[PDB]
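S.K.: Below is the structure I would like to discuss, written out as structure tokens.
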């Protein structure tokens, strides 16, 4: 869990800094919220180092998401090729749990185009480990 606190970049935001600062921060005080606008929408984290990923935890408040994918890019070595870990289009089952192969990359990115509501994004807790 190296990118489980660092700074992340989100295409859309609910306000001024709601990108992913308090999203992967695991801050129980405040939750991560995003405002709808331009789609599709995606969010990735920044670290600068090469880390592996396979398990990802995602929660929803009220505006649960419909479809979503988990990809990763390793620009630290080859800023061109893209590697994925898991892909889903259902996003249904209360808690969002993603468990697949352990891909190696620099930063992780989350794709999202299909939503289960007009609301941008709603996250209460985010867990990401190597």
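Note that we place each Cβ from the backbone using ideal geometry, even for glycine, and neighbour counts take in every protein chain shown. Rule-based calculations on the coordinates, nothing more; no lab input.
S.K.: Any idea how many residues of region 1-13 are in contact (Cβ under 8 Å) with a residue 40 or more places away in the chain, surrounded by fewer than 18 Cβ atoms within 10 Å (Cβ to Cβ) and closer than 15 Å to residue 112 by Cβ?
M.R.: Residues in region 1-13 being in contact (Cβ under 8 Å) with a residue 40 or more places away in the chain, surrounded by fewer than 18 Cβ atoms within 10 Å (Cβ to Cβ) and closer than 15 Å to residue 112 by Cβ: 0 in total.
S.K.: Let me ask another. Take region 112-130 and flag every residue that is buried (at least 17 other Cβ atoms within 10 Å of the Cβ) and not in a loop (DSSP other than H, G, I, E, B).
M.R.: 112, 115, 121, 122, 123, 126, 128
S.K.: In this structure, is residue 107 more than 14 Å from the chain's Cα centre (by Cα) and either under 16 Å from residue 59 (Cα atoms) or surrounded by 13 or more Cβ atoms within 10 Å (Cβ to Cβ) (or both)?
M.R.: no
S.K.: Determine if region 14-21 includes at least one residue that is in contact with a strand residue (DSSP E or B) (Cβ under 9 Å, 6 or more places away or on another chain), loosely packed, with under 13 Cβ neighbours inside 10 Å, without any contact (Cβ under 8 Å) to a residue 24 or more places away in the chain and farther than 23 Å from residue 1 by Cβ.
M.R.: yes
S.K.: Looking at 99, 69, which is the one that is crowded, with 17+ Cβ neighbours inside 10 Å and farther than 19 Å from residue 13 by Cβ?
M.R.: The conditions single out 69.
S.K.: I'm trying to understand the selection: among the residues of region 55-66, which are under 15 Å from residue 101 (Cβ atoms) and crowded, with 16+ Cβ neighbours inside 10 Å?
M.R.: Within region 55-66, 56 is the sole residue that qualifies.
S.K.: Report, by residue number, each residue of region 63-81 that is out of contact with any strand residue (DSSP E or B) (no Cβ under 6 Å at 6 or more places or on another chain) and within 16 Å of residue 122 (Cα to Cα).
M.R.: First, the residues of region 63-81 that are out of contact with any strand residue (DSSP E or B) (no Cβ under 6 Å at 6 or more places or on another chain): 64, 67, 75-81.
64, 67, listed by residue number.
S.K.: Still on this structure: Return the total of residues in region 50-68 being within 28 Å of residue 117 (Cα to Cα) and in a loop (DSSP other than H, G, I, E, B).
M.R.: Count: 8.
S.K.: Ok, one more. What number of residues within region 22-49 satisfy the criterion of being more than 12 Å from the chain's Cα centre (by Cα), in contact (Cβ under 8 Å) with a residue 12 or more places away in the chain, in a loop (DSSP other than H, G, I, E, B) and more than 16 Å from residue 130 (Cα to Cα)?
M.R.: 8
S.K.: Looking at (1) without any contact (Cβ under 8 Å) to a residue 60 or more places away in the chain; (2) surrounded by 14 or more Cβ atoms within 10 Å (Cβ to Cβ); (3) not in a strand (DSSP E or B), which is the one condition that is false for residue 90?
M.R.: (2)
S.K.: Just one of (1) closer than 27 Å to residue 30 by Cα; (2) in contact (Cβ under 8 Å) with a residue 24 or more places away in the chain trips up residue 105, so point out which.
M.R.: All conditions pass for residue 105, except number (1).
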